[PDB]
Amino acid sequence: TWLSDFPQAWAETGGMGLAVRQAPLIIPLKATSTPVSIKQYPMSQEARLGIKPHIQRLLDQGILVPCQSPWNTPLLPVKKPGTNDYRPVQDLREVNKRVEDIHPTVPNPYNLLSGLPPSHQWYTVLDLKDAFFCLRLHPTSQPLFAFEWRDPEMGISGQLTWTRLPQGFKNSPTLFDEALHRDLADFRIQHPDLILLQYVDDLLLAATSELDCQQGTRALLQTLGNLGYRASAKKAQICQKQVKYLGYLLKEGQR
């Protein structure tokens, strides 16, 4: 009955997240960078029709906003299965080349897992939903990620850009991991007996007994929801002794 205990913490009930304690992110550019504006490649109606609903949802949620910017990168129509449905995938490579590099602080899954003590057998795995979108972008950095969006049927002006940390941006993973580490620091101090591994949006809480787990989990959920993040209730693996995290299978603490 976890769903009914933490509506704010779940994506299926708390709505879109927004990390209220995190200041809007400023993205520093390299010393020699100037705006790059690559024109939108013509897109078929089929792809444009597939992509449309996603953009509208994003504008509605305010994750995307109209803007005029000297920066512009191409939106790409992508779909995984055969026919499948199209989804927007922005080509931010030229933006990435002009953005100052930051130290990669996210540890590889292998090393991250070696920090799990044999005693802690009870697990809980959460996957934050739309993690990056929870992080805001400073208005000064927003123009950087603009792209063209023309609707052949009464098309909104021309460009749109993100008000949240975007997908495709080389530093998003690291910036999200660090921001979340800042927000979960207090939680860590309040529960020294718990083991929490963070891999960007993939979380693993390891306790010692079904009790500490249910108590630590409720605390973690309550903390996450309170901060503005949202977990997938669907893929949630709560208080178990065998979970699937970062590809590995943690049974009796072996993998």
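Just so we're on the same page, rigid core means the largest C-alpha set that superposes within 1.5 Å between forms. In case it trips you up, residue 1 is the first one in the sequence shown, and so on.
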query	finding
Comparing 63 to 71 and 38 to 46 where Cα RMS over structures and residues is taken in 9 other deposited structures of this protein (core fit), larger one	38 to 46
Residue 82 coordinate gap across at least a third of other entries	yes
Higher-scoring stretch by recorded Cα B factor average, 125 to 133 or 107 to 115	107 to 115
Which of 98 to 106 and 151 to 159 has higher mean CA B factor, as the PDB entry lists it	151 to 159
Residue with maximal Cα B-factor (values as given in the PDB entry) among 33, 61, 214, 37	214
Out of 186, 193, 46, 201, highest CA B-factor residue	193
Where the record places residue 197 (Cα B-factor, split into thirds across the chain)	middle
Assigned third (lowest, middle, highest) for the C-alpha B factor of residue 27	lowest
CA B-factor ranking of residue 18, expressed as a third of its chain	lowest
For residue 77, the third of its chain into which the C-alpha B factor falls	middle
